[PDB]
Amino acid sequence: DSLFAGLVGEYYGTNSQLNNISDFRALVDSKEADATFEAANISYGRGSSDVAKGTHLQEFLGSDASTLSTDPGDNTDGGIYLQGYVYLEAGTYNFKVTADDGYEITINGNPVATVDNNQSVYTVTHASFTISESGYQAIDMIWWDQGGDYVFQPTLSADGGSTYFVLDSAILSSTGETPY
Ligand SMILES: O[C@@H]1[C@@H](O)[C@@H](O)CO[C@H]1O
Ligand SMILES: [Ca+2]
Ligand SMILES: [Ca+2]
Ligand SMILES: [Ca+2]
Ligand SMILES: [Ca+2]
Ligand SMILES: [Ca+2]
Ligand SMILES: [Ca+2]
């Protein structure tokens with residue numbers, strides 16, 4: 001398990017339709033990842049013409065694509081599963097996520113941002129949640145594209161929604177140890 005300032009990323013493609021969270025999670029369960037990568041700057045897309053075709057995944061992942069384990073072949077539909085840790089002080093936070101299609105983010109195993117359906121690009125300000133103890137918190141994310149356009153940018157606020165930040169190498173850890 002390598003130590004890096006990012007989340008462990010897995011990409012999965014399929015030629016079946018992804019309509020909701022359950023469909024993507026079942027894809028993840030069904031096989032080994034089509035590619036792995038380091039998710040160090042979680043602000044992906046936008047692009048067009050299906051994330052799972054050609055080099056669209058590379059374009060979507062941008063600054064993280066150089067860590068891809070392989071170049072997946074074509075599929076119609078696809079998505080990502082990210083997992084690891086995020087340093088957060090105790091306090092109150094909320095996500096604001098821009099996405100096409102849907103997604104789910106969990107912290108310490110509890111959902112904190114959910115869109116359980118397909119959608120063209122849309123930004124949701126999610127409800128707040130609490131962190132009870134400062135440190136590295138467990139975090140995971142799924143996102144998918146059913147086809148067409150694709151974008152995924154979760155941002156996080158620690159100040160009641162006045163300012164938001166991207167999750168990146170400043171605060172992410174793949175294993176929960178401090179990355180240097
Ligand atoms: O990206 C597409 C968008 O272009 C629209 O067709 C609605 O579904 C989304 O998945
Ligand atoms: Ca799997
Ligand atoms: Ca490809
Ligand atoms: Ca980019
Ligand atoms: Ca859970
Ligand atoms: Ca589809
Ligand atoms: Ca789409």
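Method-wise, the PDB entry is recorded as coming from X-ray crystallography, at a reported resolution of 1.00 Å.

Q: Explain the site of ligand 1 here, please?
A: Neighbouring residues of ligand 1: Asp100, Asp101, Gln119, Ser120, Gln146, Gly147, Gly148 and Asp149. In the model, an oxygen atom of ligand 1 is placed 2.6 Å from a nitrogen or oxygen of the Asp101 side chain. Within the contact set of ligand 1, an oxygen atom lies 3.0 Å away from a side-chain nitrogen or oxygen of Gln146. Protein chains bury 62% of the 270 Å² of accessible surface belonging to ligand 1 in isolation. Residues of the shell around ligand 1, tallied by class, amount to no nonpolar, five polar and three charged.

Q: How should the pairing of strand β5 (residues 91-100) be read in this particular structure?
A: For a regular strand, side chains alternate in direction, first toward one face of the sheet and then toward the other. Counting buried residues along β5, seven of its 10 residues qualify, which places the element largely inside the surrounding structure. The pairing of β5 with strand β9 (residues 129-131) spans three bridges and is classified as antiparallel. When the bridges of β9 are listed, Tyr93 appears paired with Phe129. Sheet analysis places β5 next to strand β11 (residues 150-157), joined by seven bridges and oriented antiparallel. If you follow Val97 over to β11, its bridge partner there is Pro154. In this structure, β5 lies alongside strand β8 (residues 122-125), joined through four bridges in antiparallel fashion. Each bridged residue has a counterpart across the sheet, and for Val97 the counterpart in β8 is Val124.

Definitions and limits used
- Every chain here is numbered from 1 following its written sequence, a scheme that can differ from the numbering in the entry; residues without coordinates are not drawn.
- Note on labels: chains are lettered from A, ligands numbered from 1, in written order.
- Hydrogens and waters are ignored; side-chain quantities use all the structure's heavy atoms.
- Distances are taken per atom, and a residue is near a molecule or strand as soon as one of its heavy atoms is within 4 Å of it.
- Any pair of nitrogen or oxygen atoms within 3.5 Å is treated as a polar contact; in protein, a donor-acceptor pairing is required on top of that, and neighbouring residues in sequence qualify only through side-chain atoms on both sides.
- We get accessible surface area from the Shrake-Rupley algorithm with a probe of 1.4 Å; when it comes to residues, only the shown protein chains can shield them.
- Residue type decides the class: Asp, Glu, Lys and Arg count as charged, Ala, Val, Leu, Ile, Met, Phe, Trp, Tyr, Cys and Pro as nonpolar, and the leftover types, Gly among them, as polar.
- Relative accessibility decides the category of a residue: with a 1.4 Å probe and only protein chains considered, values under 20% of the type maximum give buried, values over 50% give exposed, and everything between is partly exposed.
- Per the convention used, a helix needs a DSSP run of H or I reaching at least four residues, while a strand needs a run of E reaching at least two, with both numbered from the N terminus.
- Two strands are counted as paired when DSSP detects at least two bridges linking them.

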